[PDB]
Amino acid sequence: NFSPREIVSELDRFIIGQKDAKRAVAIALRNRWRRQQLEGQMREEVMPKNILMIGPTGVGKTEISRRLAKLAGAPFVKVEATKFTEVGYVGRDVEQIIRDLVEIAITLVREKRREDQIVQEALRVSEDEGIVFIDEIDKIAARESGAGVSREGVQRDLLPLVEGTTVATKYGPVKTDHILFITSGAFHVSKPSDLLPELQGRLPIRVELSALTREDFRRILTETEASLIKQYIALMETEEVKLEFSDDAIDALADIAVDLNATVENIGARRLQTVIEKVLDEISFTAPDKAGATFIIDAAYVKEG
Amino acid sequence: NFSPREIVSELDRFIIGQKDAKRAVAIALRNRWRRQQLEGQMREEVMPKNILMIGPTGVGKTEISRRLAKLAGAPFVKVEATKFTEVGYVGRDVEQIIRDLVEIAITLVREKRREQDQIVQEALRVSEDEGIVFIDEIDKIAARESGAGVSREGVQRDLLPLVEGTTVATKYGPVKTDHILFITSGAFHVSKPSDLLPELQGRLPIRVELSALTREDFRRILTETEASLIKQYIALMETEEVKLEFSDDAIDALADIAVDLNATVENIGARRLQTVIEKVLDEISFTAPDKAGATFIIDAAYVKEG
Amino acid sequence: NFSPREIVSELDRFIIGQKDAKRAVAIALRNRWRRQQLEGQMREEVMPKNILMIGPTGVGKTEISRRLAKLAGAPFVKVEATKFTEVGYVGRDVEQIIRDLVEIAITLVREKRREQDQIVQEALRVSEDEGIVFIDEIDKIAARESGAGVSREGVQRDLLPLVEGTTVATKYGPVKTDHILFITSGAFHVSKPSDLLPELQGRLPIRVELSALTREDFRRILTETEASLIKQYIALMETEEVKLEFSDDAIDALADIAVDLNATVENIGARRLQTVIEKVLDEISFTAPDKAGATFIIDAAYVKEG
Amino acid sequence: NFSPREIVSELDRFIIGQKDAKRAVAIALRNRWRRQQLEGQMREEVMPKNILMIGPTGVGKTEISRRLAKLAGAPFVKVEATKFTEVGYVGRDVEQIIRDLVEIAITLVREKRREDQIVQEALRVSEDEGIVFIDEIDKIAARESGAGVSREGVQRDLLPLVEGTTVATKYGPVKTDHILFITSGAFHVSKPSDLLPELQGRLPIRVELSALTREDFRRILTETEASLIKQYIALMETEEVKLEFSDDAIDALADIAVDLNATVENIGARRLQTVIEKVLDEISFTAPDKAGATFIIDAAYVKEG
Ligand SMILES: Nc1ncnc2c1ncn2[C@@H]1O[C@H](COP(=O)(O)OP(=O)(O)O)[C@@H](O)[C@H]1O
Ligand SMILES: Nc1ncnc2c1ncn2[C@@H]1O[C@H](COP(=O)(O)OP(=O)(O)O)[C@@H](O)[C@H]1O
Ligand SMILES: Nc1ncnc2c1ncn2[C@@H]1O[C@H](COP(=O)(O)OP(=O)(O)O)[C@@H](O)[C@H]1O
Ligand SMILES: Nc1ncnc2c1ncn2[C@@H]1O[C@H](COP(=O)(O)OP(=O)(O)O)[C@@H](O)[C@H]1O
């Protein structure tokens with residue numbers, strides 16, 4: 001899809017809630033289209049509407065950006081900002097981000113072409129369509145454990161990428177002027193105004209994300225297209241086992257994850273994956289011994305499990 | 001074998017006990033087969049059932065994973081997590097794990113084809129769909145922070161791209177880690193599993209404990225498994241025309257020596273057995289060619305003098 | 001007051017909301033009274049119901065504890081835990097907390113007696129049975145390890161003797177900390193409560209959360225409580241013969257300014273209110289003596305220009 | 001009591017299980033009596049049978065030693081060994097242990113005398129009867145976060161105390177030749193043979209302690225004389241509330257603590273204190289409003305709580 005409301009709808013198929021974050025990337029992606037519709041010098045003066053996402057861990061910041069890029073057939077790279085503060089001879093320079101992105105556009109163009117010029121198209125796509133997700137940008141803006149580049153230095157090193165620079169790769173120079181950047185952080189260890197002024201100026205769009213509620217966990221489990229329940233159901237189908245979850249079993253699974261997030265650590269929706277798996281441990285092991293049968297998991301089964 | 005109960009049975013041929021750990025890797029391996037039966041988009045949405053093994057040292061964490069990979073003809077790489085906290089210019093980046101794995105899948109595909117650009121293409125296919133990566137002492141890179149290189153949390157952060165899904169460059173071409181299985185292990189005395197990065201927890205769906213080995217476990221480790229130390233020394237002395245025999249009380253005596261050393265010096269698990277049988281066999285290992293055709297019996301008394 | 005519901009009601013006079021936190025300190029204080037009703041050995045086996053408060057900054061953690069201590073005529077000491085991680089030769093040891101507490105109990109007993117070796121003896125008695133110690137940012141000394149003094153875990157380890165029970169030397173004599181109540185607080189974004197030393201967890205029986213303050217909370221904080229900022233500025237301007245008046249829309253406007261600043265710069269909780277009323281009162285605070293006998297009304301429009 | 005079997009019995013009133021650890025301190029305390037029964041120079045050649053306790057956290061190492069000393073009317077000091085590895089101008093020298101011990105013997109002699117000579121008796125008791133508990137002695141024997149004395153240096157600093165030295169205090173010199181030392185550690189970060197040889201030689205008795213079982217938690221809750229249940233029952237009696245626990249409620253409370261120790265962290269019996277308190281939160285708050293009544297807590301009440 002190509003329209004912002006259409007983009008929001010496509011993202012609804014995989015991400016529950018977070019409407020503001022969904023609309024922010026839609027605007028950013030739609031503006032890339034508006035730029036290419038422009039003609040003349042104005043085509044070279046408009047820059048990507050880069051985004052700063054603020055929100056707790058495991059509530060959809062990566063997922064929204066990752067699905068967005070797949071929607072737009074754009075090459076995507078996720079990186080943890082603090083990795084550039086560590087010593088190391090391999091992969092400690094931020095231009096590795098751009099080199100990896102071309103490496104992802106090559107393997108992306110090969111898939112579409114099948115269905116020298118290919119390498120050129122990977123270099124064309126990377127410049128005009130690349131999407132870069134920089135996680136925990138809040139951690140490189142704090143009051144200063146890494147013995148490498150300082151935190152402000154990682155910010156200073158990010159400036160050439162998001163302002164516009166040329167980067168050398170094993171396939172040739174890559175310009176970053178019109179690559180879209182999505183940055184994210186919780187901003188408990190720092191605040192958004194602790195970013196370098198030059199970085200603030202290259203983050204036009206600011207959007208918050210909210211904690212997931214108990215109802216959010218229920219819908220995340222069942223409603224989205226690649227949901228965990230649909231995965232476990234699909235995996236047991238290959239063993240000739242029709243797996244069924246009652247509605248109270250789904251409520252019970254969501255409650256286990258909410259409670260653990262409330263007593264151990266709130267890791268957001270990442271808790272769901274580990275909770276369903278232990279409840280399905282007995283049936284995942286014995287599934288070939290149960291072929292042809294229909295297995296219904298109720299609230300009581302989740303309780304004993 | 002391809003079935004979880006069948007996998008557990010194959011592992012019983014080499015590992016004593018640790019039934020929960022055996023069933024955990026079976027589930028993880030069986031899900032790889034369940035995934036490839038899927039067709040469509042769901043084939044690209046299911047991720048490996050990575051495992052966190054919790055247990056003391058030398059009770060079968062590496063051995064289970066290593067036998068599992070050989071059972072599945074899958075390329076296998078074991079790595080010590082804390083090695084990435086040290087300074088150095090060779091092999092200090094976690095992508096070295098993935099490069100080594102292709103290096104092991106290439107040499108694996110050549111063996112089966114014989115019994116080539118196309119071989120390298122499948123070695124890149126095998127590595128992506130069948131690779132198994134064992135990360136030891138993942139508990140030590142989650143502690144309260146001697147390595148002067150990457151910090152402990154930084155080694156975790158560097159592991160995130162591998163287990164979440166990334167493309168890695170090699171001397172043979174780009175490799176995706178999306179469908180590689182990861183088995184991680186630690187004792188978790190210096191830290192706890194919730195000290196791992198949240199992003200890491202979410203990519204470790206299966207959690208399994210392992211237990212200390214008991215005195216009876218040592219006796220069965222010595223004799224019952226297919227590649228047991230006793231069966232090795234017997235086979236080694238057969239090449240010298242010497243029938244090496246252990247009485248049943250001798251095996252008990254050897255197990256008791258190892259338990260006591262693990263109880264008074266340090267508990268290193270079943271690794272103590274190797275050094276204990278070897279010192280008792282010192283006299284015969286030296287003189288065996290001078291003793292050809294003869295039968296050498298090690299009893300409880302011989303273990304005592306040894 | 002002496003009853004938990006009565007304690008909650010007394011705290012309602014100064015703190016808006018945070019009902020769970022109010023009831024938590026009530027239980028802890030009521031158990032002190034329950035203990036002294038006991039006679040015999042059980043009188044020496046019951047230990048204070050120490051509290052861990054979890055909540056964002058500036059929502060009432062210090063204020064609740066501080067009002068509680070004044071309600072109970074108990075000596076009170078607030079300390080920043082991370083101060084003990086810094087180098088220095090004055091006041092860098094945790095026993096300084098206890099020495100300061102006696103210093104506050106002495107000056108407390110003198111006030112009540114007037115309205116002396118015997119005073120110091122009871123100040124040493126009061127400190128032991130009635131002292132209240134508030135330790136802020138106990139979450140920061142439980143993180144992954146800028147202070148060049150004691151390490152973070154070391155500050156925890158140094159706190160163990162205080163909350164488990166120890167004798168501390170002072171310029172007035174030995175003081176036991178066995179029956180001192182401890183209230184600890186943190187946001188727990190940089191760490192989690194299970195990152196505390198096991199020995200510390202066991203001496204924190206009561207766990208209570210506090211919530212963010214809402215826009216309506218700011219309005220009630222401004223006006224409803226007994227020592228509210230509005231009642232302070234009104235009283236301060238009364239000494240100049242100026243009737244200071246706030247309309248209800250003006251109070252909403254002031255609360256909105258603070259919410260927006262907490263939403264765009266940094267969320268510092270109710271601390272934002274103090275700086276916001278002060279800038280709106282800048283014009284009148286200066287000219288009030290030149291305006292004696294007059295009435296000054298601050299409306300929504302006046303807050304807008306200000 | 002004065003006999004080792006009698007000592008073991010007195011400790012049974014407060015500590016569940018750990019029979020080996022109980023007998024080890026009994027031997028050590030009984031030998032102090034055997035020494036004072038000796039006459040002549042042999043009286044000056046026998047040294048305390050110091051103990052190294054090995055065991056997990058929160059299973060009774062401190063409690064056994066603390067109760068033992070109270071049984072013997074002996075002044076007692078507990079210290080965390082790693083505290084001497086930290087920088088600091090106050091209380092970072094191991095002789096503070098001995099100075100604190102005299103400070104505890106003074107306040108101990110005043111209690112018994114009531115029921116210059118007193119200070120002399122505090123100096124007499126400290127030398128002949130002091131008991132020093134050094135916790136986590138395993139942590140100062142590891143492979144080397146404190147920026148002060150090194151770990152081996154803390155061991156080296158402990159040598160004068162346990163071999164025999166004179167220590168100056170605000171009341172006068174204190175000899176440590178016949179002070180009993182109980183040291184403890186889990187020995188996962190190191191092993192007992194990592195201690196300095198001179199320290200090994202001054203730790204004659206070696207005793208292990210075991211993890212607490214589910215049944216241990218049940219007996220710890222109810223059976224011992226100062227148990228948590230008897231405290232909460234006694235505290236509610238001062239409010240005219242007869243609090244009663246069913247047997248299944250006690251089982252339920254023990255199960256909550258075992259599960260948390262199995263999923264968060266095994267902190268031993270320290271988990272019990274925090275678990276009963278949250279279950280009693282509603283009644284502890286409302287107890288004055290319920291005076292004259294009898295309140296029975298069953299398994300179902302522990303479940304909702
Ligand atoms: N709102 C949500 N809707 C659907 N899935 C979600 C949501 N929030 C988190 N998830 C899932 O939880 C996991 C972690 O989420 P992710 O977006 O990567 O985290 P973060 O916000 O920390 O980047 C992924 O499997 C993701 O699909
Ligand atoms: N349960 C067991 N059954 C059989 N052999 C075992 C067992 N535990 C340990 N061993 C043997 O002891 C040695 C060390 O075991 P290993 O699994 O590699 O240790 P770790 O669990 O620390 O990874 C190997 O020779 C292994 O075969
Ligand atoms: N809920 C509240 N009710 C009343 N005053 C409050 C509330 N929260 C904060 N305040 C006021 O805001 C300031 C800071 O609050 P305080 O409790 O000291 O912060 P913290 O919770 O960080 O300890 C004080 O002036 C306090 O009176
Ligand atoms: N076996 C036990 N019997 C009775 N109480 C115990 C036992 N183990 C631990 N406790 C209690 O748990 C808490 C911590 O125990 P403690 O002996 O101080 O720990 P450690 O072994 O770490 O020194 C104390 O309240 C203690 O009374």
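What counts, and at which threshold
Residues numbered from 1 in each chain as written, not as in the entry; some residues may be left out. Chains lettered and ligands numbered in written order. Part of a larger assembly, values for the part shown. Heavy atoms only, no water. Residues with missing side-chain atoms left out of burial classes, pairs and counts. Helix = DSSP H or I, 4+ residues; strand = E, 2+ residues; numbered from the N terminus. Axes fitted to C-alpha atoms, helices over the stretch in contact; angles between N-to-C directions. Parallel < 35°, antiparallel > 145°, perpendicular 65-115°, else oblique. Left-handed = near helix turned anticlockwise from the far one by under 90°. Contact = heavy atoms within 4.5 Å. Nonpolar A, V, L, I, M, F, W, Y, C, P; charged D, E, K, R; others polar. Buried < 20%, exposed > 50% of the residue type's maximum accessible area, 1.4 Å probe, protein only. Polar contact = N/O pair within 3.5 Å; in protein donor to acceptor, adjacent residues only side chain to side chain. Near = heavy atom within 4 Å. Areas by Shrake-Rupley, 256 points an atom, 1.4 Å probe, with all protein chains shown as cover. UniProt positions renumbered as here; feature names shortened; annotations may be inferred. Buried area = accessible area lost by both parts, 1.4 Å probe. Salt bridge = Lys/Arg side-chain N within 4 Å of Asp/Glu carboxyl O. Arc of directions from axis to C-beta. Pairing = 2+ DSSP bridges.

A. Region of the structure containing the overall build of chain A. Looking only at helices and strands, chain A features 14 helices and 9 strands. Principal-axis analysis of the C-alpha atoms gives chain A an extent of 65 × 50 × 40 Å.

B. Quick peek at the packing of helix α11 (residues 247-263) of chain A against helix α12 (residues 270-279) of chain A. Residues and elements named next belong to chain A. Relative orientation of the contacting elements α11 and α12 amounts to 125 degrees, with a least axis distance of 9 Å. One way to sum up the angle between α11 and α12 is to call them oblique. Pair α11 / α12 crosses with right-handed handedness. For the pair α11 and α12, contact is made by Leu253, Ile256, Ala257, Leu260 and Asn261 and by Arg271, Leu272, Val275, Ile276 and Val279, respectively. When its residues are assigned to classes, the contact of α11 with α12 shows 8 nonpolar, 1 polar and 1 charged.

C. Spatial organisation of the packing of helix α5 (residues 95-114) of chain D against helix α6 (residues 117-129) of chain D. Residues and elements named next belong to chain D. Between α5 and α6, the shortest axis-to-axis distance is 8 Å and the interhelical angle comes to 125 degrees. Judged by the angle between their axes, α5 and α6 are oblique. Like other packed secondary-structure pairs, α5 and α6 cross with a definite hand, here right-handed. Contacts between α5 and α6 involve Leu101, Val102, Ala105, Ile106 and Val109 from the former and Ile118, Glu121, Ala122, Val125 and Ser126 from the latter. Split into classes, the residues belonging to the contact of α5 with α6 amount to 8 nonpolar, 1 polar and 1 charged.

D. Molecular detail of the interface of chain A and chain B. Taken residue by residue, the interface counts 41 residues in chain A and 40 residues in chain B. Elements with a contribution of two residues or more to the side of chain A that touches chain B: β2 (76-80), α5 (95-114), α10 (228-237), α12 and α13 (281-286) of chain A. Ranked by residues supplied to the side of chain A that touches chain B, first place goes to α10(A) with 6 residues.

E. Fine view of the environment of B:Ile135. Residues and elements named next belong to chain B. You can see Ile135 is positioned in strand β3 (residues 132-136). When its relative accessible area of 3% is taken as the criterion, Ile135 is described as buried. Sequence spacing of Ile135 and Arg125 is 10 residues, and the spatial spacing of their C-alpha atoms is 22 Å. Beyond its immediate stretch of four places on either side in the chain, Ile135 contacts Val79, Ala81, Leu159, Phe182, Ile183, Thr184 and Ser185.

F. Highlighting the side chain of C:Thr170. Residue and element names in this part refer to chain C. As for its position among the elements, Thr170 is in the loop between β4 (167-168) and β5 (175-176). Relative accessible area serves as the criterion here: at 17%, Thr170 is assigned to the buried category. A polar contact of 2.7 Å, which involves the side chain of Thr170, links it to the backbone oxygen of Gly173. Beyond its immediate chain neighbours, meaning those up to four positions away, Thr170 contacts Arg99, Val102 and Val175.

G. Fine view of the site of ligand 1. Residues and elements named next belong to chain A. Not every one of the 14 residues close to ligand 1 is listed here, only the nearest: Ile16, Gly58, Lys61, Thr62 and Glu63. Taking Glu63, its main chain carries an N or O atom lying 2.9 Å from an oxygen atom of ligand 1. Protein chains shield 83% of the accessible area of ligand 1, which is 560 Å² for the free molecule. The dominant element in the shell around ligand 1, judged by the number of residues it contributes, is helix α4 (residues 61-71), at 3 residues. Along the lines of polarity and charge, the residues of the shell around ligand 1 split into 7 nonpolar, 4 polar and 3 charged.

H. Focus on the UniProt feature "binding site: ATP" in chain A. UniProt marks A:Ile16, A:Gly58, A:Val59, A:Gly60, A:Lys61, A:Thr62, A:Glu63, A:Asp135, A:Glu198 and A:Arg270 with the feature "binding site: ATP", using the numbering shown here. Position of A:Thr62 relative to the elements: it lies in helix α4. We classify A:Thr62 as buried; its relative accessible area is 15%. Residues within four places of A:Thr62 in sequence aside, it is in contact with A:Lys78 and A:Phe133. Position of A:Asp135 relative to the elements: it lies in strand β3 (residues 131-135). Residue class for A:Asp135 comes out buried when judged on its relative accessible area of 10%. In contact with A:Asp135, not counting residues within four places along its chain, are A:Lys78, A:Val79, A:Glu80, A:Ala81, A:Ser184 and B:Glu199.

I. Broad picture of the interface of chain D and chain B. Every contact between the two is made by 5 residues of chain D and, on the other side, 5 residues of chain B. Taking both sides of the interface into account, the surface hidden between chain D and chain B amounts to around 470 Å²; carbon and sulfur atoms contribute 63%. On the chain D side of the interface with chain B, the three residues burying the most area are D:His188, D:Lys191 and D:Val264, jointly 61% of the side's total. The tally of links from chain D across to chain B stands at 0 salt bridges. Here the residues of the side of chain D that touches chain B are counted per class, giving 2 nonpolar, 1 polar and 2 charged.

J. View of the site of ligand 2. All names here are of chain B. Residues in contact with ligand 2 amount to 14 residues; listed here are only the nearest, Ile16, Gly58, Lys61, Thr62 and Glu63. Within the contact set of ligand 2, a nitrogen atom lies 2.9 Å away from a backbone nitrogen or oxygen of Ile16. With the chains in place, 83% of the 560 Å² that ligand 2 exposes on its own is no longer accessible. Ranked by residue count, the leading element in the shell around ligand 2 is helix α3 (residues 61-71), at 3 residues. Here the residues of the shell around ligand 2 are counted per class, giving 7 nonpolar, 4 polar and 3 charged.

K. Focus on the side chain of A:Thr176. Residue and element names in this part refer to chain A. Along the chain, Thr176 turns up in the loop between β5 (174-175) and β6 (180-185). Owing to a relative accessible area of 1%, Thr176 belongs among the buried residues under this scheme. Contacts of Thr176, omitting those with residues within four sequence positions, involve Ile98, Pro160, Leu161, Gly164, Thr165, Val167 and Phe181.

L. Spatial organisation of helix α9 (residues 229-238) of chain C. All names here are of chain C. Among all positions of α9, only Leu229, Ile230, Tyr233 and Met237 are buried. Mapping the buried residues of α9 onto a view down its axis gives an arc of 100 degrees, with all of them on the same face. Looking at the buried positions of α9, the neighbouring elements they touch are α8 (215-223), β8 (243-246), α11 (271-280) and α12 (282-287).

M. Representation of the UniProt feature "binding site: ATP" in chain B. Residues and elements named next belong to chain B. Following the UniProt record, the feature "binding site: ATP" maps to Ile16, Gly58, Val59, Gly60, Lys61, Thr62, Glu63, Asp136, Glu199 and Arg271 here. Given a relative accessible area of 6%, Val59 falls into the buried group. Here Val59 is in contact with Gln18, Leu210, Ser211, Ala212 and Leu213, once residues within four sequence places are set aside. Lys61 sits in the buried class, given a relative accessible area of 8%. Once residues lying within four places of it in the same chain are set aside, the contact partners of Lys61 are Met53, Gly55, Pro56, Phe134, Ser185 and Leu210. A distance of 2.6 Å separates a polar atom in the side chain of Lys61 from the backbone oxygen of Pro56.

N. Broad picture of the sheet that holds strand β1 (residues 51-54) of chain D. All names here are of chain D. Strands sit in the order β2-β3-β6-β1-β7 across an open sheet of 5 strands; the sheet is parallel. Both edges of this open sheet fall to β2 (76-80) and β7 (205-208), since each of them pairs with a single strand only. Recorded for the sheet is a direction-independent mean angle of 20 degrees between the axes of neighbouring strands. Relative to strand β6 (residues 180-185), β1 runs parallel, the two sharing 4 bridges. Bridge pairing in β6 places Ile54 opposite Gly185.

O. How the structure looks around the sheet that holds strand β3 (residues 132-136) of chain C. Residue and element names in this part refer to chain C. The sheet built from 5 strands is open, its strands ordered β2-β3-β6-β1-β7 with parallel pairing. Pairing within the sheet leaves two strands with one partner each, and these edge strands are β2 (76-80) and β7 (206-209). Each neighbouring strand pair of the sheet contributes to a mean axis angle of 20 degrees, computed without reference to strand direction. Looking at chain direction, strand β1 (residues 51-54) and β7 are connected through 4 bridges and run parallel. Paired with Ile54 across the strands is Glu209, a residue of β7.

P. Local environment of the pattern of salt bridges. Overall, the coordinates contain 74 salt bridges over all chains when judged by the stated rule. A salt bridge links A:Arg92 to B:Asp158; the nearest nitrogen and oxygen atoms lie 2.6 Å apart. Of this pair, A:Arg92 sits in the loop between β2 and α5 while B:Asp158 sits in helix α6 (residues 152-164), each in a different chain. In this pair, the class of A:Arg92 matches that of B:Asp158, namely buried. Between C:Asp93 and C:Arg99 there is a salt bridge, with the nearest N and O atoms lying 3.1 Å from each other.

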